[PDB]
Amino acid sequence: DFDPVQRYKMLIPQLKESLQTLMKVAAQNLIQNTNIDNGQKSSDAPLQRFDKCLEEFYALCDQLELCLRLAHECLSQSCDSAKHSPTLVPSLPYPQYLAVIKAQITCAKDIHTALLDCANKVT
Amino acid sequence: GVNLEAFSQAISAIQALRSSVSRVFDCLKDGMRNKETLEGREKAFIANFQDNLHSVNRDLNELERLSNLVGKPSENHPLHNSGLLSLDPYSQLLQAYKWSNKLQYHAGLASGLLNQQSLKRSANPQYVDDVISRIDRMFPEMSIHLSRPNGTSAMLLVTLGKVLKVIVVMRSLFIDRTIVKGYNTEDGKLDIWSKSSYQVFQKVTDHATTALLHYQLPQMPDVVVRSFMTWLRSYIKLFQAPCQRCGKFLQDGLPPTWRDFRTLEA
Amino acid sequence: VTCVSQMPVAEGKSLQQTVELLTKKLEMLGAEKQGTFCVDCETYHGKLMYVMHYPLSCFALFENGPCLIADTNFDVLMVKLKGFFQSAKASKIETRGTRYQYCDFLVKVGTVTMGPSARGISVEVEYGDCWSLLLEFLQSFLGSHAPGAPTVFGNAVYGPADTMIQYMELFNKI
Amino acid sequence: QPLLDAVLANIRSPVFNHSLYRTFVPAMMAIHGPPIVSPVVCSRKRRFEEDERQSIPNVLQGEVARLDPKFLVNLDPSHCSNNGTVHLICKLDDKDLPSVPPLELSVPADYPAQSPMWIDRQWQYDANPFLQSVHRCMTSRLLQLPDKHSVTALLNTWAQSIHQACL
């Protein structure tokens, strides 16, 4: 139940650490495969998968992108409507707010429909 | 409230980090294609790694922005979505908001583009002046007031921060015949034709006359006066002179291109 | 504006020779002559005097000075104020010179008031705070100059008496 | 900072290139699943033939195109297949008095040089008094052009000198 900014701040360093571990496991797996395919047997030890790491890194990246996208959409939809009405919630009553919003939607739809009909009738 | 730009930049940075990781691990899946003298693939590898480091640094820098997410849960947006379940059978309001924003931006861009209209030629009210003057005076640091002492002529006067007031006469439209004078004036009980200066505000008056003869639009004089006022507002600093030094001559100012520089250089 | 005056103590040739060299440099800059505006400010006691051109002898003694008394008002007041101020022993002298006007500008050379003094330069501006152009013009005039110390943190709005305050500070400094 | 992959890829000098495939391709094919990531078909025999086998140095052709209708150049019995490539006969047909055409044999059209040839100087210029004065000032003017160019520069200099010594 944290804020999106808090989730971003707590995801970024885990993201960096996941990237570091990804590079490390990739290097280890690559050097093991090379020593087992080019030179002599030296890396006789169980290595990681390098896939369970990259999948988790991609998951962290995607989750951070989704959190930031949600925050951006929230701030955008809160900014455009803040400049269209005052604040009134537990300066204005709720039924009047609903009626004003309905009238605004109706007027915008009417303008759009009139413009579309005129543009279609133009040709 | 400029967090939208920072959020877009952060989204782009994360997308760039993902794309850079993908490009690195796709190029590493391919050895040296054809060198024939020396394996130049190490250069591309180092470039891709530096690009990944650049994207990580950009994300870390964008982390410094986005100070805090305020409360105000969507700023009076929840009325039927988070409100009564009857009220939300709601997407009509959001669709209308988005459509209005898109229409406004598209019309603004279309007007700014079609400003260069192919109009061949033009062939085949002392009440709004006070309103236009008040609307222009609503701008900050531009306290003006009109007097109208003789006839319908709007002999207004402006003064921004200094005592360099300008008695810009008008004709109920397409205001012309301006005269700038600094540090005292209004002799007797009205304006004057003095135009006295220190051989500096004379150039300012010449530039103002050139501007008045320059902004002559075919219609919409309110936009003309607004452009004239925002053009005149640029004289509040007088602390810049590109293409030359600060003191190439006694005076330095001619901003028709919104960048004042030393005179006799245009 | 109100550009403070400095006291460049030139040497080598002579004080008059340095004054002539400064005048020659100013003439090479392209400045014409505009009469001899000899300024005069005599200290007194912590009173003062002023004859800076302008038929108004405005003695800015302290508390920023009134700078409104006429050329004969403050003089007659001081003459009638005998016995009130009994510190007339320490006299005070004043400089003189020429006054050129290049373009919206002015230059004044402060010569030897009583005989010991340097060549005190002094300039002004057109509207007024706005030190970029002032410094850009001063650097093309000579080298080490422009001490400053104006009426900072005021907004006053281009205080005219600031020149008198700078002159008094210079006279007290030498 | 994570220079491990960099130093390992740098250490991987040997010629055998199959470890990177077996090490990376499985993960990418598992996550990214394109049966044909580049479904476009590419079967190309690129070069069929590219030669006109009749072209003189193209750089000269540009200048002969940029020439004014007053000038007109041609070719004499030509030792100019590809190397000299020019020794023309440019008649300065214009409004003023005509003259004798020069040769102006130029170097390879890359032009780290100029044209001037001065072949018919012997009999053409000494014979006439006006033509003698034409050569005089024109030589001094050509001894001034820094790295003159073949057609346009030299031809314009010749015309200018011819109509200037005319006085």
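Any read-out appearing in this document is the output of simple, stated calculations on the displayed coordinates, not a laboratory observation. Here the Cβ positions follow ideal geometry from the backbone for every residue, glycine too, while neighbour counts run over all protein chains shown.
Over all directions, the average projected area of the alpha-carbon convex hull for the range A:1-108 comes to how many nm²?
Details: hull surface 46.5 nm².
With the hull built on Cα positions only, its mean projection is 11.6 nm².
Could you work out the Rg to Rh ratio of the range B:141-223, with Rh taken as the Kirkwood radius (inverse of the mean 1/r over all Cα pairs)?
Details: Rg = 12.8 Å, Rh = 13.5 Å.
Result for the range B:141-223 is an Rg/Rh of 0.95.
Hey, with R₀ at 30 Å, roughly what FRET efficiency would D:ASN58 and D:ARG22 work out to, going by the Cβ-Cβ distance, to 0.05?
Using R0 = 30 Å, I get an efficiency of 0.05.
Given B:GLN240, B:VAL163, B:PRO218, which one lies farthest toward the positive end of the charge dipole of the range B:113-255, if we put +1 on the Cβ of every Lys and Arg and -1 on the Cβ of every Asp and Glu?
Sorting the options by dipole projection puts first B:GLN240.
So what's the net charge close to D:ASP68: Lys and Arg +1, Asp and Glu -1, counting the other residues with Cβ under 11 Å from its Cβ?
Neighbour charge sum, excluding D:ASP68 itself: 0.
Would you please state which residues of the range D:89-116 a label at D:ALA127 would reach in this model, taking the label point 7 Å out along Cα→Cβ and a backbone N cut-off of under 14 Å?
D:99-102
So what's the back-of-envelope 222 nm ellipticity for chain D, counting only DSSP H runs of four-plus at -39500 (n - 2.57) apiece and dividing by all residues, rounded to 500?
Here the helix-only value at 222 nm equals -11500 deg cm²/dmol.
In debye, nearest 20, what is the charge dipole magnitude of the range C:39-174 about its Cα centre with +1 on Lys and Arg Cβ and -1 on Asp and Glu Cβ, if you could check? Intermediate results must be reported in sequence, preceding the final value.
Working: 10 positive and 13 negative charges, 136 e Å.
Taking the Cα centre of the range C:39-174 as origin, the dipole is about 660 debye.
If you take the beta carbon distance between B:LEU114 and A:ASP117 as r and set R0 to 35 Å, what does 1/(1 + (r/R0)^6) give as a FRET efficiency, to the nearest 0.05?
So the FRET efficiency works out to roughly 0.90.
Residues of D:41-52, mean number of Cβ from any other protein chain within 10 Å of their own Cβ, rounded to a whole number?
So the per-residue partner count for this stretch is 0.
Which three lengths, in whole Å and largest first, does the range D:1-79 cover when its Cα atoms are put on their principal axes?
72, 34, 26
What number do you get for the range C:56-174 when its Cα radius of gyration is normalised by 2.2 N^0.38 Å, N = residues?
1.22
Hey, what number do you get for chain C at 222 nm if only DSSP H runs of n ≥ 4 count, each worth -39500 (n - 2.57), divided across all residues, to the nearest 500?
Details: 4 runs with 44 residues, N = 174.
Rounded to the nearest 500, the figure is -7500 deg cm²/dmol.
Write down the radius of gyration of the range D:54-122 and its Dmax, each obtained from C-alpha positions, in Å.
For the range D:54-122, the Cα radius of gyration and maximum Cα-Cα distance read 12.4, 36 Å.
Based solely on C-alpha atoms, express the radius of gyration and the Dmax of the range D:34-153 in angstrom.
22.2, 87
Treating the angle as unsigned and between 0 and 90°, give the value, to the nearest 10°, between the Cα long axis of helix D:129-142 and the longest Cα principal axis of chain D.
Around 30 degrees separate the two axes.
Peptide A:71-77: average number of partner chain Cβ atoms within 10 Å per residue?
Shielding by partners across A:71-77 averages 6.
Using only the alpha carbons of the range C:1-134, what is the convex hull's orientation-averaged projected area in square nanometres?
Orientation-averaged projected area of the Cα hull: 9.8 nm².
Tell me, what is a quarter of the convex hull surface for the C-alpha atoms of the range B:173-266, in nm² with one decimal?
7.0
Based on a Kirkwood Rh over C-alpha pairs, give the Stokes-Einstein translational diffusion coefficient of the range C:25-69 at 25 °C and viscosity 0.890 mPa s in µm²/s.
Estimated via Stokes-Einstein, D reaches 198 µm²/s.
Peptides C:57-66, C:81-90: what's the order by average Cβ count within 10 Å, highest mean first? Kindly include the intermediate steps, with their values, before the conclusion.
Numbers: C:57-66: 16.3, C:81-90: 8.8.
The densest-packed peptide leads the list: C:57-66, C:81-90.
Have a look at the protein assembly as shown and give its Rg and Dmax from the Cα atoms, expressed in angstrom.
41.8, 120
Give me Rg over Rh for chain B, both radii from the alpha carbons and Rh done the Kirkwood way, two decimal places.
Radius of gyration over Kirkwood radius for chain B works out to 1.16.
Within 10 Å of each Cβ in peptide C:92-103, how many partner chain Cβ atoms are there on average? Round it to a whole number, please.
Mean number of neighbouring Cβ atoms from other chains: 1.
Counting only Cα atoms, I'd like the Rg/Rh figure for the range B:4-56, Kirkwood definition for Rh.
Rg/Rh: 1.15.
Kirkwood hydrodynamic radius, computed over distinct alpha-carbon pairs, for the range C:42-93: how many Å, to one decimal?
By the Kirkwood definition, the hydrodynamic radius is 11.3 Å.
For a quick check: sort A:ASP1, D:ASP5, C:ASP40 by the number of other beta carbons within 10 angstrom, fewest at the front. Spell out each step's value before the answer.
Details: A:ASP1 3, D:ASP5 20, C:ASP40 17.
In increasing order of surrounding Cβ atoms, one gets A:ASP1, C:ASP40, D:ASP5.
Along the three principal axes, how long is the range B:1-158 when you take its alpha carbons, biggest first, rounded to the nearest angstrom?
89, 57, 42
Suppose only helical runs count, i.e. DSSP H with n ≥ 4. What mean residue ellipticity at 222 nm does that imply for chain A under -39500 (n - 2.57) per run, divided by all residues and rounded to the nearest 500 deg cm²/dmol?
-28000 deg cm²/dmol
Please sort B:234-246, D:145-157 by packing, taking for each peptide the average over its residues of neighbouring beta carbons within 10 angstrom, highest first.
Details: B:234-246: 14.9, D:145-157: 17.2.
Listed from highest to lowest mean packing, they are D:145-157, B:234-246.
Considering only C:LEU170, C:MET114, C:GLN16, whose Cα is most displaced toward the positive end of the charge dipole of chain C, charges sitting on Cβ of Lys, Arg (+1) and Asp, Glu (-1)?
In chain C, that residue is C:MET114.
From zero outward in steps of 5 Å, how is the percent of C-alpha pairs of the range B:78-172 spread across the bins?
Percent of Cα pairs in each bin: 2, 9, 11, 9, 7, 11, 12, 11, 9, 7, 5, 4, 2, 0.
Quick check for me: using +1 on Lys/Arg Cβ and -1 on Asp/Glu Cβ, what's the dipole size of chain A about its Cα centre, in debye to the nearest 20?
Values: 12 positive and 14 negative charges, 49 e Å.
With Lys and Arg at +1 and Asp and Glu at -1, about 240 debye.
If I model a spin label at A:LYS9 and B:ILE46 as a point 7 Å from the Cα along the Cα→Cβ vector, what separation in nanometres do I get?
Using points 7 Å along Cα→Cβ, the separation is 3.9 nm.
Counting residues in the range D:109-161 as N, plug N into 2.2 N^0.38 Å and put the Cα Rg over that result.
Here the Cα radius of gyration is 1.19 times the empirical estimate.
Under a point-charge model restricted to the Cβ atoms of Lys and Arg (+1) and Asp and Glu (-1), what is the dipole moment magnitude of chain D relative to its Cα centre, in debye to the nearest 20?
700
Whole-Hz Karplus ³J(HN,Hα) for the range B:153-160, in order, using 6.51 cos²θ - 1.76 cosθ + 1.60 and θ = phi - 60°, x for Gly and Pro?
Running phi through 6.51 cos²θ - 1.76 cosθ + 1.60 with θ = phi - 60° gives 6, 8, 7, 6, 8, 10, 6, 8 Hz.
Mind checking the full-extension length gain between C:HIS45 and C:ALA10? Use 0.36 nm per residue of separation minus the Cα-Cα distance, one decimal, nm.
9.5 nm
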